[PDB]
Protein chains: 4
Amino acid sequence: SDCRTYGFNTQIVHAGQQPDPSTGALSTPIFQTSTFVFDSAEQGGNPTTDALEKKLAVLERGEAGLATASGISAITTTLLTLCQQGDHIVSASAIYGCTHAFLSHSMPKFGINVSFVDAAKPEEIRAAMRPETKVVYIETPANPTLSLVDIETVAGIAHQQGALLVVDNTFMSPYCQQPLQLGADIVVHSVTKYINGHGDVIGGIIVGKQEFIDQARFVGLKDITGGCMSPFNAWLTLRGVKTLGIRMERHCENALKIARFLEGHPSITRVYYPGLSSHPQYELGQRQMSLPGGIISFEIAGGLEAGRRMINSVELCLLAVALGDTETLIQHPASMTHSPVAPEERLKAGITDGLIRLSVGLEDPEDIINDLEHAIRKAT
Amino acid sequence: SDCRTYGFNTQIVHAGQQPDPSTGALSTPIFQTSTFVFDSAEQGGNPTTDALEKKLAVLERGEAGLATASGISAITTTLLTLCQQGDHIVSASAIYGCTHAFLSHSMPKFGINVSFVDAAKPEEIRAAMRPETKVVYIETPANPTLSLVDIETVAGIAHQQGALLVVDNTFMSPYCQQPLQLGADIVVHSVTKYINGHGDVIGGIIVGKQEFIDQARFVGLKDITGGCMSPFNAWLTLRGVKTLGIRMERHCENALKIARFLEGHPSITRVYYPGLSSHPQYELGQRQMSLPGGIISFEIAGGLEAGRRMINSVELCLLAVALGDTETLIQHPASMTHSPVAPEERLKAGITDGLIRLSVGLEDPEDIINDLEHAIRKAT
Amino acid sequence: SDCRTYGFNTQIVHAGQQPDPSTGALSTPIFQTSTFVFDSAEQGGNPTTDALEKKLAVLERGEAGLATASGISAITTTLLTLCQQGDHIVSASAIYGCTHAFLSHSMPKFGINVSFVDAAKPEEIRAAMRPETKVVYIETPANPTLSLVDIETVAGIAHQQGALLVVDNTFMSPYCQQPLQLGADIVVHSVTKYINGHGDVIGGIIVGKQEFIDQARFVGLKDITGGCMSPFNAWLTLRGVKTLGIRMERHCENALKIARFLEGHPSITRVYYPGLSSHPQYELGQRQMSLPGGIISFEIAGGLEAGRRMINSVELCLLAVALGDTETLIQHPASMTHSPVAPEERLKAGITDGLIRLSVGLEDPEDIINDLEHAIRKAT
Amino acid sequence: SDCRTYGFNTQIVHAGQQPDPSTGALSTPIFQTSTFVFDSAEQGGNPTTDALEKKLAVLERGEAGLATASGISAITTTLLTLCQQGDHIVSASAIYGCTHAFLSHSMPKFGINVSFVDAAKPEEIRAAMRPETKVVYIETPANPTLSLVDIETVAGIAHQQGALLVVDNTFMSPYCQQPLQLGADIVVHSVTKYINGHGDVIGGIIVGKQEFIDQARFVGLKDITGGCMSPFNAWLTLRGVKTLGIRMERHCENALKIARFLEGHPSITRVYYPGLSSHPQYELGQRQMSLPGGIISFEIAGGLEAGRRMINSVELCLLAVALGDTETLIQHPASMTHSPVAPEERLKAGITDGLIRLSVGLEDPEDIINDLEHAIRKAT
Ligand SMILES: *Cc1c(COP(=O)(O)O)cnc(C)c1O
Ligand SMILES: *Cc1c(COP(=O)(O)O)cnc(C)c1O
Ligand SMILES: *Cc1c(COP(=O)(O)O)cnc(C)c1O
Ligand SMILES: *Cc1c(COP(=O)(O)O)cnc(C)c1O
Ligand code: NA
Ligand code: NA
Ligand code: NA
Ligand code: NA
């Protein structure tokens with residue numbers, strides 16, 4: 001039939017894939033090749049990566065997909081394909097770190113100017129648009145406090161003023177949020193997170209209209225970034241995404257239990273999780289997201305030293321900066337990642353001294369809660 | 001000891017690699033991971049790719065290496081790290097195709113201007129340099145007639161006028177040519193060709209000073225192209241380069257036999273191969289290159305239709321646009337790759353209607369010569 | 001801590017694995033090596049496969065694990081380690097096909113005699129035991145009608161008469177059944193099915209006492225079958241088993257829905273599924289198994305030609321002889337696998353002309369039911 | 001054409017392989033699958049492993065090939081397919097270690113008796129043959145002193161008395177010796193050594209008549225050992241064997257240089273290498289082998305402690321028990337492998353206290369000789 005007609009779990013398993021016609025092999029073969037041969041002068045890929053691109057296009061409800069070497073390369077291949085010297089971008093402030101350096105330093109050195117705004121306030125996006133604006137760029141939920149962006153409202157604003165909307169959907173995966181259905185033009189992912197889900201692949205994906213994807217492929221990849229994804233990485237990502245539906249269900253079930261535990265804990269001052277009623281944009285989240293996600297941020301009493309003591313006291317949670325793996329991962333941005341940054345700068349970059357970020361995995365939630373309770377008790 | 005002190009074949013086998021300290025594993029483990037874990041807050045890669053980078057740095061006699069997703073990404077990560085709007089590049093005209101589009105269209109849209117010159121004439125390079133020139137870019141030997149560029153002379157010119165020299169060494173590999181030893185600042189490769197050699201990896205490498213490579217890594221890769229190489233691709237390239245010395249010796253031994261056969265054939269009007277005395281820059285080749293290479297170009301009598309008939313008549317040689325594999329590969333640019341291009345344009349892009357390009361593999365040269373003789377006889 | 005102390009889902013994720021001490025890599029590195037190096041004469045693996053063996057030992061609650069090249073090799077390495085000429089085996093009749101040939105022909109040619117019994121009747125096992133009996137061998141649930149064997153009762157019988165009990169736990173996985181906890185001495189799996197779960201690995205595992213596993217390793221593998229598992233296959237199986245808990249939950253949830261649908265369908269004469277109340281050993285199943293499994297057998301009205309027409313009319317279910325993959329798979333033994341076998345022989349081997357076997361995958365059960373309903377309607 | 005008609009180097013590159021018809025992929029795809037799908041009931045592998053089997057069959061000049069999980073499994077799958085209780089085997093004494101345990105202990109426990117003889121004396125083979133003898137089994141060259149066996153003469157003897165001849169050709173590879181051309185019936189290899197050559201694959205291969213190979217596959221593998229090779233291991237072996245010709249040429253060129261150096265060294269009492277004129281079977285070697293091999297044994301003055309001191313003093317050669325890798329490997333059996341064995345037993349098992357075994361790699365021979373000279377000087 002047509003894979004676009006089946007239920008979402010069926011699509012997760014089947015879309016973009018079929019038994020090998022030649023051999024009947026059910027698994028997508030790994031076409032680990034660089035060389036393709038022609039039969040004739042007149043009549044003179046990659047099939048593995050093509051399957052991944054088609055599957056993700058189906059899952060995001062877009063026309064076409066393009067796999068890349070990294071999440072970074074998905075974003076830069078996209079924006080460098082769309083923009084040239086003299087052009088302008090309006091970008092959310094609450095965005096991924098390496099994206100910020102690309103937008104803050106790299107783009108301006110190529111004559112491409114960027115205005116950063118608080119995208120939780122759609123009026124700030126509107127006010128920053130210029131005749132030269134080609135692209136509005138947002139991420140949602142956004143780090144570090146998991147604030148949201150109203151995709152449908154921002155898309156309407158962008159389009160009225162003649163710009164494209166590009167959305168980073170990494171945190172959600174297509175299982176939980178579909179920006180193209182809400183009016184975005186282009187979706188990008190780091191598949192490194194939930195789409196692969198197994199913490200063993202660095203890669204990205206771009207999904208959008210065929211017309212744009214062809215330009216991203218034949219100009220962006222070929223003539224600017226060279227950021228192709230290897231066939232083995234595509235095969236692993238295909239393998240990982242088979243369990244996307246059941247993984248996201250369990251991630252989100254576990255995260256909600258852990259978030260409620262943290263909200264009831266007197267040593268925890270704040271808990272940021274879209275699944276909690278006290279989230280500032282809770283109702284927007286319920287319309288825009290099918291599940292509240294696997295990521296939690298929370299603030300422990302006692303600031304910087306309590307945060308340090310807490311992550312040094314966990315025994316099951318692993319200390320790492322990654323997200324979306326099968327293992328529960330924990331990090332303390334003020335002592336770890338943003339440690340060279342001046343306090344007052346971190347402080348309304350949104351990173352308080354006591355802020356902890358947690359990527360909830362597939363372990364028994366009882367074991368994770370026990371580990372957290374033990375570490376919090378010690379840290380305070 | 002120090003791997004920088006052993007003979008070149010010993011370095012090919014050993015440089016950048018050692019038994020795994022933890023386990024004693026002799027093969028470099030495949031660190032197929034995205035996530036790395038920290039032991040503490042205070043104390044809070046990729047090891048496979050690191051081994052490849054160190055090996056190639058040793059082989060090129062450079063300080064440091066940086067692996068990339070493709071040969072394209074090696075070149076663009078390099079140039080986009082070095083140049084910003086307002087800067088200038090002097091580039092050889094006789095360069096790889098996708099490189100030309102990057103230099104002709106992409107760079108100028110970022111405000112970076114490029115002048116193309118005939119790099120076989122070092123005076124044209126000098127005459128094109130401007131106060132804004134940051135980089136001189138060359139490839140040697142160069143397609144399609146395997147003309148050469150005098151690296152040492154061009155390096156001297158570039159440096160006197162305050163620019164860096166970047167050399168694409170893909171065609172030669174470090175076994176046959178070492179541009180850094182001749183004064184180049186930066187070497188780039190598509191490892192897709194001879195360094196891997198097995199036609200199953202797309203990838204690139206950049207080699208140069210530690211100071212530059214750190215910028216290419218932490219700014220170029222991280223903040224512009226995102227073009228990282230996957231650990232499995234790095235492991236395969238490490239595996240392939242183990243036989244670099246013995247592969248290049250046989251490629252070049254076979255190519256010289258085939259080139260001499262073609263030079264004696266009355267249906268072949270011209271043969272381009274640096275190992276032949278009639279090559280226009282033969283003596284330069286003997287000083288600059290340790291072996292004349294595995295690539296041959298030649299012109300068959302009868303123009304476009306003879307070229308078409310010839311490649312349609314080979315039965316052992318395979319029709320493909322790739323180079324540097326273990327199989328002998330053949331292509332006819334006028335009918336294949338550059339077929340949409342207007343004849344008169346191709347004609348002193350250097351591509352005549354009868355031009356055939358041959359990548360000589362590891363087969364018995366007698367079998368390749370027999371296949372060629374048969375196909376030439378039919379085609380004419 | 002000790003991985004033997006956490007909840008089962010936590011064990012699935014973490015047991016046998018830890019961040020690489022040397023590098024911090026979270027994923028288990030792929031030690032694709034044959035050679036291990038020594039530091040000295042005095043002081044003169046595989047680490048990937050070791051992680052898999054330790055994980056499965058923890059999940060089955062056994063002391064030690066041994067990975068093999070195939071499910072077949074797990075069974076034969078076990079039995080050939082335990083038995084020599086003159087010894088005797090009592091085996092269930094309702095067993096996997098290739099196992100039957102090994103037991104029926106191969107063992108007797110080595111002087112090892114085998115008696116086959118109906119293991120659903122523990123008294124038949126007792127009556128077949130001899131002074132020479134070393135091993136009782138069973139599989140449960142058993143094909144093709146998913147009959148059960150009471151592991152605890154059979155273990156007691158075997159042990160009283162001085163024999164070991166070996167159980168094939170492939171159909172269940174350790175998530176759903178733990179034979180060692182019920183008194184079995186040794187468990188074997190084809191990891192090809194649910195433990196890997198992704199239809200891309202052929203492999204086996206043996207779990208039991210350290211004393212036995214050492215003999216299976218240093219004598220069975222090294223000196224009889226040579227059936228080692230490759231490190232890459234072990235790494236893929238480690239990756240697959242990460243989602244074992246969530247996969248089995250969904251397989252079993254989907255299978256129960258599909259089984260109830262089939263039980264209500266007037267064109268379906270019988271449905272065999274341990275989760276249905278009418279299963280002959282339903283209560284035994286509830287004590288012995290935590291979930292009823294992902295495999296269903298059923299008989300369609302109209303015998304051989306209806307069965308043929310049905311499998312030729314499915315459009316989502318895939319025709320294959322495999323089990324335990326993420327895709328729903330279907331087969332018709334009488335027309336497919338056992339087609340060369342005489343009808344009357346198949347008929348109380350348990351294989352009726354109308355019998356269909358179904359491996360339920362991770363698709364939306366509504367889509368699978370719709371596909372089945374369509375195919376059944378056509379077939380009848 | 002027919003790959004059986006090209007030169008041996010051409011066969012090494014091309015035999016068993018072709019561009020993928022479906023996609024044009026030049027590299028053999030990795031069919032990492034367990035499941036194969038059928039299109040119909042009526043019409044209801046592995047393609048990667050099949051390519052390897054066909055290539056090695058062509059190279060050994062046999063009809064068919066069968067890949068296995070290990071060299072051990074190649075040997076045991078073969079012999080257990082051929083022999084049953086009551087049968088007899090005549091085997092060389094000078095054979096690989098794990099093979100000896102299989103033949104000495106395992107076979108007799110299955111009622112299969114084995115007589116061990118000195119196969120350098122063909123008359124000992126004849127004298128040991130019995131009416132029950134099914135197989136004569138030899139290895140050549142043989143460890144540890146690299147003695148030879150006259151394959152053609154032994155084949156004639158075996159056949160006159162109605163037995164098959166099985167030859168282990170691991171040490172030589174098909175590039176240097178072709179036992180089937182000399183009258184052997186069956187050839188086995190550990191591909192772990194030279195056929196793969198890169199020290200990262202454990203695997204075996206069996207080559208012989210189609211009639212036998214079908215029995216080894218459908219009975220030996222399926223119903224006795226279960227020792228299949230994984231598709232990824234087959235793909236790596238295919239990749240490794242591409243350079244077999246150029247690797248063996250360099251291994252043997254380097255080994256001859258090193259052997260001549262050792263023969264001239266006054267601290268070295270004996271050197272065992274078929275390429276040296278003083279080898280006891282030198283002329284037989286020249287008829288039977290195209291090159292003298294990459295393996296050298298030699299005795300250092302001063303017995304056990306000198307041998308220990310020597311291997312502890314090398315700085316380039318690596319200490320390991322493996323053979324046939326790209327790195328030079330060294331071992332001292334009396335202190336390392338056979339250390340638990342009583343001296344007088346080792347002593348005319350052929351292992352003297354001063355015996356060193358060397359696997360010569362692809363490094364510059366000057367560097368290896370320098371390392372050896374340094375270590376020998378220290379050790380004495
Ligand atoms: C991690 C991340 C990226 C970058 O992904 P890589 O594959 O590591 O480059 C981009 N966007 C978001 C939202 C991320 O979390
Ligand atoms: C093929 C080639 C490249 C590009 O390599 P990819 O890995 O295919 O991007 C660059 N330079 C030269 C000289 C080449 O031949
Ligand atoms: C498939 C199967 C086996 C054999 O597994 P392989 O890995 O294919 O050898 C053994 N036992 C049972 C119960 C099976 O279903
Ligand atoms: C190493 C070796 C074997 C066994 O090979 P594995 O792949 O390690 O089982 C068999 N025969 C010979 C001659 C060997 O050297
Ligand atoms: Na699939
Ligand atoms: Na190595
Ligand atoms: Na892990
Ligand atoms: Na090939």
# chains A, B, ... in the order shown; residues from 1 in each chain; ligands from 1
$ residues_around --residues "residue 244 (chain B)" --least-positions-apart "3" --cutoff "9 Å" --atoms "only C-alpha atoms" --output "VMD selection string"
chain B and resid 9 12 to 13 173 175 194 to 197 240 to 241 247 to 249
$ residues_around --residues "residue 31 (chain C)" --least-positions-apart "5" --cutoff "12 Å" --atoms "only C-alpha atoms" --output "PyMOL selection string"
(chain B and resi 19-20+22-32+48+232+235) or (chain C and resi 20+36+45-51+230-235) or (chain D and resi 199-202)
$ residues_around --residues "residue 178 (chain C)" --least-positions-apart "2" --cutoff "12 Å" --atoms "only C-alpha atoms" --output "mmCIF file with C-alpha atoms, in the first residue's frame"
data_model
loop_
_atom_site.group_PDB
_atom_site.id
_atom_site.type_symbol
_atom_site.label_atom_id
_atom_site.label_comp_id
_atom_site.auth_asym_id
_atom_site.auth_seq_id
_atom_site.Cartn_x
_atom_site.Cartn_y
_atom_site.Cartn_z
ATOM 1 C CA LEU C 56 22.207 -12.182 30.260
ATOM 2 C CA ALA C 57 23.519 -14.088 33.293
ATOM 3 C CA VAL C 58 22.091 -11.333 35.520
ATOM 4 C CA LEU C 59 18.748 -11.321 33.675
ATOM 5 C CA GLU C 60 18.333 -15.111 33.896
ATOM 6 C CA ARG C 61 19.579 -15.143 37.513
ATOM 7 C CA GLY C 62 22.448 -17.490 36.603
ATOM 8 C CA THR C 140 8.357 -23.910 26.573
ATOM 9 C CA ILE C 151 9.557 -26.441 34.431
ATOM 10 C CA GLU C 152 9.546 -26.754 38.220
ATOM 11 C CA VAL C 167 15.594 -25.391 28.996
ATOM 12 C CA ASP C 168 15.285 -23.467 25.713
ATOM 13 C CA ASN C 169 13.862 -20.058 26.784
ATOM 14 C CA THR C 170 13.986 -18.416 23.315
ATOM 15 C CA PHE C 171 10.212 -17.884 22.932
ATOM 16 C CA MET C 172 9.845 -16.110 26.270
ATOM 17 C CA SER C 173 13.076 -14.182 26.911
ATOM 18 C CA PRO C 174 14.187 -13.623 30.525
ATOM 19 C CA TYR C 175 11.631 -10.812 30.744
ATOM 20 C CA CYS C 176 8.742 -13.310 30.679
ATOM 21 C CA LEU C 180 16.770 -21.191 36.469
ATOM 22 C CA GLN C 181 14.535 -19.742 39.191
ATOM 23 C CA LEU C 182 12.203 -22.718 38.676
ATOM 24 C CA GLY C 183 15.010 -25.243 39.083
ATOM 25 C CA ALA C 184 16.502 -25.647 35.616
ATOM 26 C CA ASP C 185 20.287 -26.080 35.575
ATOM 27 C CA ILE C 186 21.037 -24.533 32.210
ATOM 28 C CA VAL C 187 19.142 -22.089 29.956
ATOM 29 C CA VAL C 188 19.815 -21.658 26.234
ATOM 30 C CA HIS C 189 18.554 -18.989 23.822
ATOM 31 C CA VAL C 207 23.497 -19.403 30.982
ATOM 32 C CA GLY C 208 24.244 -21.550 34.056
ATOM 33 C CA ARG C 287 2.299 -19.141 37.440
ATOM 34 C CA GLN C 288 5.288 -19.763 35.191
ATOM 35 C CA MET C 289 5.156 -16.802 32.787
ATOM 36 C CA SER C 290 4.873 -13.094 33.636
ATOM 37 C CA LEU C 291 3.384 -12.316 30.212
#
$ interface_residues --of "chain A" --to "chain B" --cutoff "8 Å" --atoms "only C-alpha atoms" --output "PyMOL selection string"
chain A and resi 32-42+44+69-74+76-77+84-85+98-99+101-102+106+109-111+192+199-202+222-230+232-233+308+311-312+318-322+332+335-337
$ closest_residue --among "B:191, B:282, B:377, B:255" --to "residue 236 (chain B)" --atoms "only C-alpha atoms"
B:191
$ select_by_dssp --residues "region 88-315 of chain A" --states "strand (DSSP E)" --output "PyMOL selection string"
chain A and resi 88-92+113-117+133-139+164-168+186-190+204-208+268-272+295-300
$ residues_around --residues "residue 256 (chain C)" --least-positions-apart "2" --cutoff "9 Å" --atoms "only C-alpha atoms" --output "VMD selection string"
chain C and resid 251 to 254 258 to 261 273 275 to 276 292 to 294 296
$ write_last_selection --atoms "N, CA, C and O atoms" --output "PDB file, in the first residue's frame"
ATOM      1  N   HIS C 251       4.822  -6.196  22.551  1.00  0.00           N
ATOM      2  CA  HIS C 251       4.569  -7.448  21.822  1.00  0.00           C
ATOM      3  C   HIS C 251       3.390  -8.187  22.454  1.00  0.00           C
ATOM      4  O   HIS C 251       2.472  -8.640  21.772  1.00  0.00           O
ATOM      5  N   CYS C 252       3.419  -8.277  23.777  1.00  0.00           N
ATOM      6  CA  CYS C 252       2.419  -9.070  24.493  1.00  0.00           C
ATOM      7  C   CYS C 252       1.074  -8.346  24.562  1.00  0.00           C
ATOM      8  O   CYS C 252       0.023  -8.973  24.449  1.00  0.00           O
ATOM      9  N   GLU C 253       1.101  -7.026  24.720  1.00  0.00           N
ATOM     10  CA  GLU C 253      -0.127  -6.245  24.664  1.00  0.00           C
ATOM     11  C   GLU C 253      -0.800  -6.370  23.290  1.00  0.00           C
ATOM     12  O   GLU C 253      -2.019  -6.560  23.190  1.00  0.00           O
ATOM     13  N   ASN C 254       0.001  -6.293  22.230  1.00  0.00           N
ATOM     14  CA  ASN C 254      -0.532  -6.397  20.877  1.00  0.00           C
ATOM     15  C   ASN C 254      -1.035  -7.811  20.591  1.00  0.00           C
ATOM     16  O   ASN C 254      -2.088  -7.996  19.973  1.00  0.00           O
ATOM     17  N   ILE C 258      -4.792  -9.135  19.401  1.00  0.00           N
ATOM     18  CA  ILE C 258      -4.956  -9.878  18.159  1.00  0.00           C
ATOM     19  C   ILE C 258      -5.548 -11.275  18.421  1.00  0.00           C
ATOM     20  O   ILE C 258      -6.409 -11.743  17.674  1.00  0.00           O
ATOM     21  N   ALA C 259      -5.094 -11.919  19.489  1.00  0.00           N
ATOM     22  CA  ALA C 259      -5.605 -13.239  19.855  1.00  0.00           C
ATOM     23  C   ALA C 259      -7.101 -13.181  20.183  1.00  0.00           C
ATOM     24  O   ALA C 259      -7.859 -14.068  19.804  1.00  0.00           O
ATOM     25  N   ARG C 260      -7.525 -12.129  20.874  1.00  0.00           N
ATOM     26  CA  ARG C 260      -8.942 -11.993  21.227  1.00  0.00           C
ATOM     27  C   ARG C 260      -9.769 -11.729  19.971  1.00  0.00           C
ATOM     28  O   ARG C 260     -10.873 -12.264  19.815  1.00  0.00           O
ATOM     29  N   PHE C 261      -9.230 -10.921  19.062  1.00  0.00           N
ATOM     30  CA  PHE C 261      -9.891 -10.712  17.782  1.00  0.00           C
ATOM     31  C   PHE C 261     -10.079 -12.035  17.026  1.00  0.00           C
ATOM     32  O   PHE C 261     -11.165 -12.319  16.513  1.00  0.00           O
ATOM     33  N   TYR C 273      -3.012 -19.485  22.203  1.00  0.00           N
ATOM     34  CA  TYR C 273      -2.293 -18.385  22.824  1.00  0.00           C
ATOM     35  C   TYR C 273      -2.418 -18.515  24.326  1.00  0.00           C
ATOM     36  O   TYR C 273      -3.526 -18.602  24.835  1.00  0.00           O
ATOM     37  N   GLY C 275      -2.401 -16.582  26.650  1.00  0.00           N
ATOM     38  CA  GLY C 275      -3.119 -15.506  27.303  1.00  0.00           C
ATOM     39  C   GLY C 275      -4.621 -15.686  27.239  1.00  0.00           C
ATOM     40  O   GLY C 275      -5.363 -14.924  27.856  1.00  0.00           O
ATOM     41  N   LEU C 276      -5.069 -16.688  26.493  1.00  0.00           N
ATOM     42  CA  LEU C 276      -6.496 -16.993  26.400  1.00  0.00           C
ATOM     43  C   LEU C 276      -6.910 -18.043  27.438  1.00  0.00           C
ATOM     44  O   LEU C 276      -6.220 -19.037  27.633  1.00  0.00           O
ATOM     45  N   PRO C 292       2.079 -13.489  28.496  1.00  0.00           N
ATOM     46  CA  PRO C 292       1.767 -14.662  27.662  1.00  0.00           C
ATOM     47  C   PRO C 292       2.526 -14.757  26.327  1.00  0.00           C
ATOM     48  O   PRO C 292       2.300 -15.717  25.586  1.00  0.00           O
ATOM     49  N   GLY C 293       3.397 -13.800  26.022  1.00  0.00           N
ATOM     50  CA  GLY C 293       4.224 -13.911  24.830  1.00  0.00           C
ATOM     51  C   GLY C 293       3.719 -13.147  23.615  1.00  0.00           C
ATOM     52  O   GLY C 293       2.610 -12.616  23.625  1.00  0.00           O
ATOM     53  N   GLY C 294       4.541 -13.089  22.568  1.00  0.00           N
ATOM     54  CA  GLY C 294       4.186 -12.368  21.352  1.00  0.00           C
ATOM     55  C   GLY C 294       3.810 -13.260  20.179  1.00  0.00           C
ATOM     56  O   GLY C 294       3.535 -12.771  19.079  1.00  0.00           O
ATOM     57  N   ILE C 296       1.443 -16.217  18.313  1.00  0.00           N
ATOM     58  CA  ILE C 296       0.088 -16.791  18.263  1.00  0.00           C
ATOM     59  C   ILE C 296       0.033 -17.846  17.172  1.00  0.00           C
ATOM     60  O   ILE C 296       0.582 -17.639  16.104  1.00  0.00           O
TER      61      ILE C 296
END
$ residues_around --residues "residue 250 (chain A)" --least-positions-apart "6" --cutoff "9 Å" --atoms "only C-alpha atoms" --output "list in words"
residues 294, 361 and 362 of chain A; 246 of chain C
$ residues_around --residues "residue 130 (chain B)" --least-positions-apart "3" --cutoff "9 Å" --atoms "only C-alpha atoms" --output "count of residues only"
7
